[PDB]
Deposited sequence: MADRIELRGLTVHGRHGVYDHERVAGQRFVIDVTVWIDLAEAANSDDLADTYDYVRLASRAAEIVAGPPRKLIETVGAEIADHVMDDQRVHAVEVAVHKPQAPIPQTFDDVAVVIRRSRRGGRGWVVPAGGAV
């Protein structure tokens, strides 16, 4: 039913990568959280994603997506995640402005 949508994280290897993540996950009780990030910590997600991408050049666009996806899935409360990694292209004519892989995972 409920999801969290994280848009427009700009991370560098530099060549820009723009990342979006959707996380399907039950919202914690109001009684138990002092922020959204207590249900789902998109703060540590954004650091981890910045490290993954900044790391030893071994940085394939789908590899970033798959690692982000699995990282999110480590947390057994996530029913499913959808991770988009966009490499915005230098604007040269007859090419795509934007190329993105979108990775999905879910358990059920």
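Coordinate coverage of the deposited sequence breaks at 1, 15-25, 121-133, these segments carrying no C-alpha atoms.
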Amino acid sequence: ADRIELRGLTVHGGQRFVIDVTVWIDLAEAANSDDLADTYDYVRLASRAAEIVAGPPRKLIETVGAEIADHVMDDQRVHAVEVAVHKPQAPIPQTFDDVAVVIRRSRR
From here on, numbers count along this sequence of modelled residues.
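Averaged over CA atoms, B-factors in the entry run higher in 26-34 than in the other of 74-82 and 26-34.
For the pair 49-57 and 62-70, the mean Cα B-factor is higher in 49-57. Across the residues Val21, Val99, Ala90, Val18, the deposited record lists the maximum Cα B factor for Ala90. In this entry, the residue among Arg7, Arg107, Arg104, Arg3 with the greatest C-alpha B factor is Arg107.
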